[PDB]
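What follows is one chain in structure tokens, specifically the form deposited in one PDB entry.
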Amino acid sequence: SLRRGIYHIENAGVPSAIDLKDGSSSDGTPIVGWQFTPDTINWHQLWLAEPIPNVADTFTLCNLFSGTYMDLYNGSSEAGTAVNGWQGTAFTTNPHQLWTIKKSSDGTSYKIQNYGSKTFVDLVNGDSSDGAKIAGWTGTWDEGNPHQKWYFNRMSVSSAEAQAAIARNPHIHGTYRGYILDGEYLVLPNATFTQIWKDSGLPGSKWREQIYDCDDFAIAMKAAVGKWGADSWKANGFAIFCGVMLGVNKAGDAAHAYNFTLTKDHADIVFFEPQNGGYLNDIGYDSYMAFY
């Protein structure tokens, strides 16, 4: 079962992602195949998959940027029927916006079936060009046809996953306590994490004893990532990953406040120094408290 989360959905035959054209929130905006850049935010190509209660392997798919939903036009089972962005809600009963998502016969990619029509999401002709039509099409669950197979590249972590990555880290103090604030988090490439840091004004901030010292830099970075998230995305039901940590050095006589993010494989944390933009596997401190 596909987990609740944010996905970049990539065709299995050609390197085209499921893209809501121009990120537009208009009803009837085409969903199309489009090329992508790895290790970036692909602004029109992120999809929040929300499981429907008691309806096995079935989801709404909400574009993270537009807040509108993947919609099979009038629910038609006719092959070639347009797939578009359309207004909706996370737990809608409109079958046009409900999608059963299960592993394909290659066991890695998925097929995406409309719950009402029983047709599948199809990159028409396998066309690799930017703006290629995606449509609902006749098919089967087991066939090999790559036009209807899709890698769900997971871009978020659950809170349990984030906690797991922290608990793997060797620089955690014995007295550590962690405070979880949300449920599901977009993990940022470092290029983006750094951009938010730059755009916050923190690179220009001077360290000043107590009035703007390490704890202020760290809390300000976290607030800047929270503001970026709300100002950047129209969908709801997720947060952006940026932690704050307090830590103590090995001698026990100095403490520090700093940020952390997650590795690209989502398995480990990496520390960020908000006073200079540096990423570190070892910041010189063991964390006694985190919130994220």
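For the two forms, the rigid core is made up of the largest set of C-alpha atoms that agree within 1.5 Å on superposition. In this text, residue numbers run from 1 along the sequence as written.
For the pair 176-184 and 87-95, the mean B factor over Cα atoms is greater in 87-95.
Two stretches are in play, 214-222 and 191-199, and the higher mean C-alpha B-factor belongs to 191-199. Per the deposited coordinates, the residue with the largest Cα temperature factor out of 80, 126, 116, 131 is 116. Looking at 33, 30, 53, 67, the one whose CA carries the top B-factor in the deposited record is 53. In the deposited entry, the Cα temperature factor of residue 7 places it in the lowest third of its chain's modelled residues. The PDB entry assigns residue 165 a C-alpha temperature factor belonging to the middle third of its chain's modelled residues. Compared with the other modelled residues of the chain, the Cα B-factor recorded for residue 152 ranks in the lowest third. When the CA B factors of the chain's modelled residues are split into thirds, the value for residue 230 lands in the lowest one.
Per the PDB record, residue ranking by Cα B-factor puts residue 209 in the middle third of the chain.
Unshown form deposited in another entry; subsequent notes refer to it.
Note: rigid core superposed between the shown form and the other one; among 73, 115, 151, 176, the CA shift is 2 Å or more only at 176.
The Cα position of residue 231 differs by less than 2 Å between the shown form and the other one after fitting on the rigid core. The Cα position of residue 248 differs by 2 Å or more between the shown form and the other one after fitting on the rigid core.
Distance between the C-alpha atoms of residue 181 and residue 213: longer in the other form than here (change of 3 Å or more). A shift of at least 3 angstroms pushes the Cα atoms of residue 245 and residue 180 further from each other in the other form than in the displayed structure.
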